[PDB]
Each structure stands twice: as structure tokens, then as C-alpha cells.
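Below is one structure, written out as C-alpha cells, with a few remarks after it.
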Amino acid sequence: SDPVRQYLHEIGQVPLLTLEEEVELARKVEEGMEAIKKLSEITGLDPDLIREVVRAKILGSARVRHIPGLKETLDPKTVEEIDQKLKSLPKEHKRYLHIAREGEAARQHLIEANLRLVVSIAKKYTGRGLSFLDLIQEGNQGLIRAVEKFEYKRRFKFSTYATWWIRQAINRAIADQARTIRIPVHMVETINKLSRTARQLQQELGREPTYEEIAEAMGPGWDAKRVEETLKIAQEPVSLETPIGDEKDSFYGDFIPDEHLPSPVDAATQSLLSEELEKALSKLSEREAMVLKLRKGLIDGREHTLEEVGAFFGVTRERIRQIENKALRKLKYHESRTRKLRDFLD
Amino acid sequence: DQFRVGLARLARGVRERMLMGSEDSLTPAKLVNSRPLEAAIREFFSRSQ
Amino acid sequence: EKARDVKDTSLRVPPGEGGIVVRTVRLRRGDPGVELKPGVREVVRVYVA
Amino acid sequence: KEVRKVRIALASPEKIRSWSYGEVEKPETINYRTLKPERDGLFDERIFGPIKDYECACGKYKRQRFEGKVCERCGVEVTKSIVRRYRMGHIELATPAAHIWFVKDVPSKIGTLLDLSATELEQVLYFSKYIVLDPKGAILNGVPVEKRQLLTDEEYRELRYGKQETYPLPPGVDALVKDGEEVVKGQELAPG
Amino acid sequence: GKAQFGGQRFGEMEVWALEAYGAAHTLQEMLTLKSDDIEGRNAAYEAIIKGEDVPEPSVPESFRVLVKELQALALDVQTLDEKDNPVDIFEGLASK
Amino acid sequence: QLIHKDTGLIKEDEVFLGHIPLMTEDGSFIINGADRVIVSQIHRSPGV
Amino acid sequence: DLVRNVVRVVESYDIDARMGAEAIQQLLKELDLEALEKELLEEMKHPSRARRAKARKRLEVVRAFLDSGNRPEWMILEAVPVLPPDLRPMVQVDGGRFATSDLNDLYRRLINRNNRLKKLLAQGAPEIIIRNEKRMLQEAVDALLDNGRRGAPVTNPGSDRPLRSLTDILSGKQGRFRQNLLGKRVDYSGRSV
DNA sequence: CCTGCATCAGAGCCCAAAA
DNA sequence: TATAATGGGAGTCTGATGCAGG
RNA sequence: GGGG
Ligand SMILES: Nc1nc2c(ncn2[C@@H]2O[C@H](COP(=O)(O)OP(=O)(O)OP(=O)(O)O)[C@@H](O)[C@H]2O)c(=O)[nH]1
Ligand SMILES: [Zn+2]
């Protein structure tokens, strides 16, 4: 009924590995990877395709899907076709198939037996914007990376190598997913640096530092202006549903106007402006209105400058610039009488 | 009461820092992050009912 | 008349309010003693009685 | 035509897709520097419509002479920006998920149809117990497993992976049995 | 609120008042042209400044929000005519 | 004062914890420029 | 066994047993509603009063789906709809600050877990890990549709405020119906002493 | 068969609402 | 990318209805 | 917390 408690119970069902057991599983995974490489040469296939086919039979029919990068939809037909070419190999070649299968099996057990390690690292990273289980799942992702890269020959215990990859995965998770406005991982690193720096500066000075005091402490390249711009970028958004007051009946979003949609006054104004504009180009001449109207466009916006204007106005090409002026000129005289258009300048 | 909460939160930071990064080269000034305490007091005065 | 680069955002007077301007405080960035919240160049306060 | 009636009904996953203008592939919202929407994210204009009236994202086609065109470069339709209130997106789940209204609103609608109690439906949905589609002749604790039976994890592992146990031998003590040997329950393997 | 230049809240009990009087066109104005019916309120203002009478109202925008919110809950809300055929209250904008 | 339970090492320093708001003479506070009051709270006394 | 030169067969079955909404979607698909009506009608002819009572409640749901034309497996989601953006806005307020709707954080949680699930599947993670990921996905869908309904309410970090889900928006005094639908703020109005 | 017993969904309106 | 590190921290009162239990 |  408690999702953390349930998961803790499930990990506790896989016993921890002995030094021997740890080395045994690790050994089988490495040999299996080498087996798949060799199986590629012999067969003329793809090492990844073989690996997904080998892996499919260990986990069972439960998981069958297209894998991003694989050339074949990885449906029961293709895994049977390809598995039958692998089981049709001679005894000395076919020994490598058995190796790959057992490699994958040991990998599963190795991962499962180390899940408690991830919990003990993730619990220390709580409170940074990802839920505990989100931290465990990202931590588990690194553990998978660690199992694939582990070299057992170095005689190191597994826990030593895994921890680097698990710590790496959680920290990348926090940097990627914690913000409504996503920030590049490197930029998040810089922001955190300013925080630590200012926090030191406040501890020696007994008061808040200025932008200038932080810019000095950050070294060359930093002025006060850049510290401020960085802080502006680091601002997290706030919920529209944030309550205002002790009565539970007021939201912040309710105090925010909608600036996009035209207001009744403005919508009214736009209709009235189009109506006076066309009822104005026709009171000189429609044709000198037709030449001018094409040079801007009512609902289109057809302003180039000199080329395009070569085609259909009705004249050749320099002339349209001139009738643009007499249209604009007669409009200008005609405007002083019907000075109703002055007020639309706001 | 709000002060006591803020002090206990700062202690979480102390115990967690007494595990990571070298069990020796730490003074009290580097071990303490005052952010939890400042927020609790600022939280009480600016937003308590 | 070229369409101007800037628009008129001036602070005005709400419906039904108003009086005599008795004081003004102007606070910029880069004046002694004042730093505003990030991004804010200057703050002006007008007290009307 | 005039509205005389309002019907409300369930939506198939096909129909949910019949509404959708695109899949939201990323938790990203808007770009931190440009403040414009992130491509394929929750505000993407390629899915839900243009931010500005009759104007595409990159600005190749900027006015209403084109309505219905989809810009080749940036992918945004030229229409009224009002459509960002109307057009739906969708998320394609990897594994199906139950709609909580039809589970937790009592008596459960799913539960009544399948003759599953409140406790049972919780346990299957929240991954506490297995429910059997095809026993394939399995039998557990002497009785055959029948379809729609609930199994715990331990019960499932015994059925699915077999039963086994490992016994530690005190260091240096040699075993009283040989590798490969069939063994009865209670037989002595080592001094302890 | 006064500081936002707000409108007065005409609430559930106020609608009942208009209903008991049977003033349907007054009530409909409160529910459409004087609030969230966008096509109607823009059109109504234009009519008063031109001396024309205000137009018959259209679909209120907060109902369209309600429809889309039920779709986000995976419920199909369909407006129908007398012949049981679907009626499109989005005027083609949300369909491919 | 830092004490190492393992070693014996002692490093002592005075660390800055931030600011605490002060009450004025008439019993009020100044929080972000605005004068404020803290209202007393009645409740059930601890005990048995 | 390539060392011991033996093929072991460990006693165990090809049994099909599943967890979660995926299992349920199948059982709901494997319902012939016509038959279950027939069965429940035959059971409706029976004493002890309780037998007839339960067959009725069941028969009402069966008949509901039958008349309507709805398939029971639709109560399970494959594609989850996404509400249009202007209804969950991200807007720049006066100060140049951004203010955003709670639905965006609920969707982000969902999208991350879905993406992580796609990745864990392609990389062939163990069943324990895929199981954890799948149940977290249910909880993320559960918070999106009705938050707080089952389990701990999802909150923004460092706040006790439950995030406002689709169900909270529709229902209650502050809900869509009783706030913006049966009553509204209006133009051409004023107030005084 | 009947009764304890829990889990859930209810708890007035409008205005300032000083964030 | 390599000493080893392997199971978490935390908060009233009403009436109606569908449920395991003498 | 304050107005009817
Ligand atoms: N519903 C409601 N009404 C309120 C509230 N506060 C004030 N009122 C109004 O306050 C009024 C009280 O009026 P009274 O002056 O006590 O009326 P009365 O019966 O003549 O009493 P006297 O004037 O002393 O004779 C009622 O009419 C209410 O409508 C409130 O919070 N809720
Ligand atoms: Zn474009």
C-alpha cells in the first residue's frame, strides 16, 4: 500500500553476492559479450541484433518489441528465423550460442543482486527536486551501465565501480528533470557554483554579498552584470494555483489579465479601421487605390521594395513608385478634410 | 517552535556532510549550511497565519 | 511619421483616485545602497495625499 | 445547425488518437534563452497551432493569404492562434494504465465486471499479486492452477522459475554428498 | 475586484433570481455577451457604438474549456442536433 | 567546536547563521518594509 | 551445462501470469458481454435474495455497456490525452517572471517516467526494475487524472500544497461548474454603498 | 440474516483578500 | 570511468453505503 | 483577521 515499502520488500528477496558469486556472474557476462562478438564474425550478422535475439529468449515471450536501432522489427517471426540460423551451427561454433545465453542470464542476476546499493546512494540525494523512487530508477539506470562496463580481472569488488556510475546517473537526472524550464546540464553546474560561492561569501561577511562581491569571488570573466543575468535565468516559475489569503478561496491566476486576445474595444477598433481604410482609397480612384493596395496588402502584407513589383500593376516598373506617391499624396490632401484618421495614431 | 524546526533541518546537512568528503579536512564553518535555518525564520515571519 | 520603437507604458491614476503629490522616491541600480531584484533597473514611488 | 442534445461516452485509445495533433515526446516546456516553445515538447507549435495569428514559427509565411499551409522548414500551420485552446495532444504509453475513476469510484466498474474485489483489483493494478491468463497445466501445492487465480510473487517464482535452495557449508568442512547426487528432504549434506 | 477593474460576480443564487422571474434574455446576456462569449461580446460592443441592437449570443468560451477538460479525462463530449448528428462548436478549428 | 570521536582533533570557529528579526519598542515587527504583528495562539495545554 | 556435460530441466511451467492494467486490459477484452448477460439472467432466477441482488448490480454495468456501445477495455488507457496549452498556460507576468499551471508539472512527471520506461525496456532491465517503473507510471497517471484520490497527494517540492489535477478543476465550489458555468463575473456592472 | 465498521464526500452569498 | 560502499524518514464531525464477521 |  506504500510504494517505497513495497519496493524495499522486493529487493530484500534477492540475496547479496559472495565474493565468489560476484566474480562468477561478472565473469560469465564478459565471456558472453566476447561470445556475441565472435558469433557476429562467424554468422555475418550484427553484434547488437544477435545480442537482442539472445537476450529475448532468456527473458521470455513477455517482452517483445521493436528496439531503436535494430534493423528488424523484433517480433516472434524474426527471432525464430534468426535463432534457427544460430542453432543450425556446428558443435564448435554453437558452443558460443550457449555462452551468450548464459551471459545474459548472469547479467540479470548481477543487476538484481545489487539493487540495495542504489537505494543507499539515492537516499542521500533526496530533496533536490526528484522523488525518492525517481532517484532509485535513475540510480538503477547507472547500475545497468556499470554491469556492462565492469572488468572483473582488475580484482576490485563490484560495489566500488558501480558507485561511480550510479552517482553519475542520479546527478544527471536531477540536472535534467528537476525544472519546469529545462536548463542545459553545464549551465546548471555554473548556477550551483554561484550559490556555493555566495554562501561562503555570506559566511565570512556576516551579511548578504552584492553582485560585485560575487563577481570578484568568481574570478576573471565575471562582472556584476553577468552575475545578475545568470540569476535571472535561474528563476523558477510559480504556480497559477498559489493561494492568496487564509480563506482557501483565491488563486493567483485570477489576478492575471489575458493580454493576447483583443479586447472588445480593440476588436471593434480593428473592424472600424479596415472600414475607413478601404472607404478612403476608393474616394480618390479605385485604380490608384488598386496600385497602392497591392504595395502593402490589407490582410496579407505584401511589402517588398523594387524587383517583384515588375509584374501586374498595369504599368512597367519605375512608374509604380510614382503613383505610390500620388496615391499617397492625394490621400494626404484628402486626409486634412476627413481628419478622422488622426485619432488612430493613439 | 519555527526556530527549533530550522535548527533540526541544518543538523540533517551536518550529519550528511560528516559522511561524504574526507573525514578530516572539515572545520565547523564549512560543515554548516545556514539555508534551512534562514528559510524557516523567514517562512514564519513572511507567511505564518 | 515613423512607427516609434517604444510604446507608452506610463503609470497613471486609477479611476476615482487622485490628490496632491506630496513625495517622490526614485531608486535606480548603480546608486549607492540600492540593488533591486534581478532584472530591475529602477523603482519609482509616488506618495499622493 | 442548432444544438439540441449533449451525449457523454467513453473514448477508445483509437479515438483518443483521433483527436491528437501530435505526440508530446519531451518533458521540456520552453527554451530558457529564447523563451519560445521547445520542439516536440508540451507547448510545441507544430502540434497545437501558431502563437501569432496567421504566422508560422520561423517567419517564412507571415499573413492570412495562406491558411492551411504547413511550413516546410519549421512545420507550423498558419491559422488563428486561438487554436491553442482547442487542439489536443497525446502521450503514447509503453504499458497500458487504468483510468482511476473506473477503479477507485466504488463499487468499482472494472471490479464488478470481472468479479474482482476491491482488495484484489488494487493488488493486480499496483503490482502486489499475479493474475493468471493461461495456467498451461500448472499446479501449485497439489491443486491445479485455474485461470483468473491470484498468485503471490513467491508462488509465481515456484511456478515460473522452479524451486531451489542454497545451503552454506562451514569453512573447511567437506560435504557428505557428491556433486550430481539426487537428494531426499531431510538428508544430511554436511556435519551442520 | 476594484483594483483590477473587475466585473461584479453574478453567482449561482443571482442566476436563480433571474430564473424565478423568467427573464431569459436578461439571464442569457449575463451568461454570454457580458462575460466569456468572445464572438458575442466583441460584436455586442460594436453594435452599441454603431446604434444597432446587440446580436443574439453564441457559445460561451468557458463551456468549450469544460468540453476540452473532459477530453483530457478521456471522456467524449458530443453536442448533437435533433437528428442525433454531431454539431461542431469549434467551427472546424480542432478537426483534421 | 568540532570534535573528532575517532581522533581527538578540535577545530572551533564562529559560524554565521543569517539574520533574526527584531521587535520594536511598541511590540511590532518590520518585515520587508511593512509593519507586522504576531497574534498569540490559545490551545490545549500539555499534560494528562 | 558445458562443464558437467548435461542438459538440466528445472521443473517449472510456461504459465502466463501478469500484473497491472496490462493484465486487466486483456481480461476486459476477453469479455463477451452478450454471454455474461445470459449468465446473469439465469442467475437472476434464484432464492437467498443476495444472489439476485448482486447479479442485478453486475447486470446493470453489463447492460450499460451493451446499450451505449462502449467497450469495457476503454476503461484502460493506452494513449493519454493532453489538454490544449492555452488551458494550462505558461505566461509572463508583470515582473518578467513566469507563472505556470500545475498541470504542467503533473504532465512532466508522466512524460519522464514513460520515457524512462521505454529506455529500460530496450535495454532489457530485470523484471524487478521494469515492475517498479511500471507501477510508478500508474501513480503518475493516477495523479494527473485525480490527485490525492489514491495514495499520497503529489506536491511541488518544498510545499504542502497538493497539485491541482483534472478532477479538482472540474469539481467543488471552486470547480469549473460552480465557478465559471452556473455563474460568472459580468461586464456592465458596478457596486457602491 | 443482521450488524458493526470504514472510507468518502459533503458542509451559504457577495466584497475587500494588503501578496 | 576502478580502496570499499548493498532495505526510507514522518501527520474535525456529519450522514450514506458497500464490506467481512458473531 | 475586515464589510453587509
Ligand atoms: N448571509 C449573510 N448575511 C449577512 C452576513 N453579514 C451580514 N449579513 C446581513 O446582515 C443583516 C442583519 O440585519 P439586522 O440589522 O440584524 O436586521 P434586523 O432583523 O432588523 O435586526 P435589527 O436591525 O437589530 O432590528 C442580514 O440582513 C444579512 O443579510 C453574512 O455574513 N452572511
Ligand atoms: Zn515557417
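Using the numbering of Swiss-Prot, the residues shown for chain D are 3-194, in order.
Header lists the method as X-ray crystallography, 3.1 Å.
From the backbone N, Cα and C atoms, a Cβ is placed for every residue, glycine too.
Listed features, source Swiss-Prot:
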type: BINDING; residues: D:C58, D:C60, D:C73, D:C76; note: Zn(2+) 1 binding site
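Structural mapping of features recorded in Swiss-Prot.
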residue : record                : Cβ within 10 Å
D:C58   : Zn(2+) 1 binding site : 24
D:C60   : Zn(2+) 1 binding site : 11
D:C73   : Zn(2+) 1 binding site : 19
D:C76   : Zn(2+) 1 binding site : 15
Extra residues within 8 Å (Cβ to Cβ centroid of D:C58, D:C60, D:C73, D:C76), Zn(2+) 1: D:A59, D:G61, D:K62, D:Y63, D:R75, D:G77, D:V78
Local backbone state of D:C60 (Zn(2+) 1 binding site), from DSSP in three classes: coil
